[PDB]
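By convention in this document, chain letters (A, B, ...) are assigned in the order of the sequence lines, proteins followed by strands, and residues within each chain are numbered from 1. Below, all heavy atoms of this structure are taken into account, side chains as well, without hydrogens, waters or symmetry copies.
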Amino acid sequence: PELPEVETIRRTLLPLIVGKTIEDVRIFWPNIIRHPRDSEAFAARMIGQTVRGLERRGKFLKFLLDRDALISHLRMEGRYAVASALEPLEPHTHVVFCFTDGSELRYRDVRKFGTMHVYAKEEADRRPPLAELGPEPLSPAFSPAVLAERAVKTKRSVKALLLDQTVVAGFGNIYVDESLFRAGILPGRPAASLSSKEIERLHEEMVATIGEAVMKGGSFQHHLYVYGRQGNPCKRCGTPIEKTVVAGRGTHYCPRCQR
DNA sequence: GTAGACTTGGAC
DNA sequence: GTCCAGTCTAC
Ligand SMILES: [Zn+2]
């Protein structure tokens, strides 16, 4: 889940939990709990608090309670669902929040990579993992200048720069590949080699790509140009789409539209 | 920077 | 059976 999917989860989940009061917290896989370290303390402190809201920062979900904020990162496969506490749980359910009205918020995660941090609302933004995140892509804080400032000061590929949550937050493998294609830039090239003209266009395609994705509720998979299409013809020039590895990850691109 | 880990299931 | 799918930490 990248920014578009997490934003979709946020909008759907909020009306289902706002106003509900936590009666119990059950944890079946302790390692997901990062702070406080003791999973027993994590559970005890939330009991009695009511859900006041749900926000998003980068790829993180921020559950706003009475005094605390629960910061959740879904990583690769984490997922949330609301259901009746009288029914049996689905496989791979690792954390459950039971509400006083008989309902519950279930957290599933097959690979167990997700993390959960709890801090007082006022400390959240100044403590890890939210402290060092870059600006939100769909806000005035993200501008060509910001990208250029970070770009012209590193030898790594442009794709590595965009995957760095401290440069800009919310972009993942799918939308980095799609944005680079639309801007017409090869992923594996030095970020320092990009021109003012290139950086500006990229900034523009990034904003437009992530914006459209949210409106379509995320993967919008019918609107992908390169991700997952290795071997198939380019939708604009017809050249077969290629796949290699860059920044330690699968990377898709068109050798003709991208330079 | 391209790995090395954490950890489970589906494709071929 | 072997290859593929967002951070942290490390040769
Ligand atoms: Zn093309």
Side-chain heavy-atom pair A:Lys62, A:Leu70 within 4.5 angstrom cut-off | no
Side-chain contact test, heavy atoms from C-beta onward, threshold under 4.5 Å: evaluate it for A:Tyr119 versus A:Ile71 and give yes or no.
-> yes
Verify, without hydrogens or angle tests, whether A:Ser103 (side chain) and A:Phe99 (backbone) share a donor-acceptor contact under 3.5 angstrom.
-> no
Could you tell me whether the phosphate oxygens of C:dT7, OP1 or OP2, come under 4.0 Å of any side-chain nitrogen or oxygen in A:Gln165?
-> yes
Just how far, in rounded Å, is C1' of C:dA5 from CG of A:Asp177?
-> 13 Å
Would you say A:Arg108 and A:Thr93 make side-chain contact, with heavy atoms under 4.5 Å?
-> yes
Stacking of C:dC8 on C:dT9, centroid gap under 5.5 Å, tilt under 30° | yes
Starting at atom CZ of A:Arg249, determine the distance to atom P of B:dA3, rounded to an integer number of angstrom.
-> 14 Å
Does A:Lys243 make a side-chain N or O approach to OP1 or OP2 of C:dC4 shorter than 4.0 Å?
-> no
Linked hydrophobic residues, A:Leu86 as query - side chain contacts closer than 4.5 Å = none
Taking the inter-plane angle between the rings of A:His73 and A:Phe60 on a 0 to 90° scale, is it parallel (under 30°), tilted (30 to 60°) or perpendicular (over 60°)?
-> perpendicular
Under 3.5 Å on both distances, the Watson-Crick or G-U partner of B:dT7 | none
Could you run down the sub-3.5 Å N/O contacts of the protein with nucleotides 8-12 of chain B?
unit_1, atom_1, unit_2, atom_2, d
B:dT8, OP1, A:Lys112, NZ, 3.1
B:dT8, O4', A:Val110, O, 3.3

From the list B:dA3, C:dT7, B:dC6, which nucleotide is the closest neighbour of the side chain of A:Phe113?
-> B:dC6
Starting from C1' on C:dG6, measure out to CG on A:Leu163 and report it in whole angstrom.
-> 10 Å
How far, in whole Å, is B:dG9 from C:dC8 if one measures between their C1' atoms?
-> 24 Å
Please give, in whole Å, the distance from C:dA5 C1' to A:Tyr227 OH?
-> 7 Å
How many Å lie between CZ on A:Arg75 and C1' on B:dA5, as a whole number?
-> 12 Å
When rounded to the nearest Å, what value does the distance between P atoms of C:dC3 and B:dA3 take?
-> 14 Å
Paired nucleotide for B:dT2 [Watson-Crick or G-U wobble; both distances under 3.5 Å] = none
To the nearest angstrom, the CD1-P distance between A:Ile71 and C:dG6 comes to 19 Å
For atom NZ of A:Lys59 and atom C1' of C:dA5, their distance in whole Å = 13 Å
B:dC6 versus C:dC11 - spacing of their P atoms, nearest Å | 14 Å
Value in whole Å for how far the P atom of B:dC6 lies from CG of A:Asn31 | 11 Å
Residue pairs passing the salt bridge (charged side-chain N to carboxylate O under 4.0 Å, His left out) test where at least one lies in residues 227-245 of chain A, sequence neighbours excluded | none
